[PDB]
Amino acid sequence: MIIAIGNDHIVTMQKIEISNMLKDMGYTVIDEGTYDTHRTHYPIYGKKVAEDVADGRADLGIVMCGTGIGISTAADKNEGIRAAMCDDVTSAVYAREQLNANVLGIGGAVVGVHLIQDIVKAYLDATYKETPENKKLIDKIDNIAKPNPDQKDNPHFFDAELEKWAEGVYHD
């Protein structure tokens, strides 16, 4: 199985710990998230991981940022994805078993590494158990957003914002 993983600069160290664990467990990893700790933007990596899963390059995805909210939301805003923001084992298992979530989000700065490892393992070990009830929920979720061909598989999608950033448009 192939797991795509991504992150922003706040949790690169936690991502490394999970990447190591996944490989020890026999999983093939596609690391998309940022590779160092230089200030960057979570949507970039959330989108890359989302597309790996949606396009079939990876079976599932894991995304992390400080709280996990930003990157998991970015991952959710993509075709074919159901991203579950889970800082606990219980909801992560529910997300996989009931909502067949294919992207797991975790807050690497709010959850300790031992618990992150537990959440990931529980999410991966869980299996989607289809029922007429959850299939209806999933279908509704899959039909909320309106597909945008300009975003789908477009690597230059955020070039506009990145330029403005390089031009100091987003100063404090």
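The first residue of the shown sequence is 1; numbering continues from there.
Judged by mean Cα B factor in the deposited record, 138-146 ranks above the other of 138-146 and 56-64. If you average the C-alpha B-factors over 127-135 and over 32-40, the higher value belongs to 127-135. Residue-level temperature factors show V11 in the lowest third of its chain, judged at the C-alpha atom. In the deposited entry, the Cα temperature factor of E79 places it in the highest third of its chain's modelled residues. Per-chain ranking of the deposited C-alpha B factor places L22 in the lowest third.
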